[PDB]
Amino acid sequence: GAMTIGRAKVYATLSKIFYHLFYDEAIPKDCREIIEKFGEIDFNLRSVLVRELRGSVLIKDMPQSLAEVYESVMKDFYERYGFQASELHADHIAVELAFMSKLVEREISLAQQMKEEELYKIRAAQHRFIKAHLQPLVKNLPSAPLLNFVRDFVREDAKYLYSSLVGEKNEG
């Protein structure tokens, strides 16, 4: 329904925004309006910052030796769900957001098909991905209006996904 359609739209729009900002392109009206529906915001970030918004960079706690294989970890997750690499590093926030959008789009299709067991698997994957990769990246974002919106959106989306799963997890 509208709620899940909105999840996909926000992930897709945020990803498109970060691709534009990576190249110092203006944010188009359609993208701006989708995000501005939630409150006043600006998109005034420069490529010099946006290029560095990668998990292996932002997560300062990551052991160096594992930072060196993290893109491989990302790619295997992506490949397992048919998601293609772009020209950006696999751990870049634009790419991680695009991956979530693809997962939610898959969920939408499975919902329309009433494929409940497969939908469950894709929702589980969304949770796994948000817990392993995207939330750790976003929790280490520096403060700015757009980035703070992403923090809030991802925090609430993580809560939604976890709440979906917690009951069955604890059934014995």
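Just count from 1 along the sequence shown to find any residue number.
**Q** Check whether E40 has no coordinates in at least a third of the other compared PDB entries of this protein, counting only entries that model residues on both sides of it.
**A** Across the compared entries, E40 is left out in at least a third.
**Q** Should the higher mean CA B-factor in the entry be assigned to 123 to 131 or to 35 to 43?
**A** Result of the comparison: 35 to 43.
**Q** So, looking at the entry's B-factor column for Cα atoms, which has the higher mean, 97 to 105 or 76 to 84?
**A** Per the PDB entry, the higher value belongs to 76 to 84.
**Q** Could you say which of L49, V138, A144, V69 has its CA atom at the highest B factor, as listed in the PDB entry?
**A** Comparing C-alpha B-factors across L49, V138, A144, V69, the maximum falls on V69.
**Q** In terms of the CA temperature factor given in the entry, to which third of its chain does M3 belong: lowest, middle or highest?
**A** Middle third of the chain for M3's C-alpha B-factor.
**Q** Ranked by Cα temperature factor within the chain, is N148 in the lowest third, the middle third or the highest third?
**A** Middle third by C-alpha B-factor.
**Q** Where does the C-alpha B-factor of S163 rank in its chain, lowest, middle or highest third?
**A** Tercile = middle for this residue's CA B-factor.
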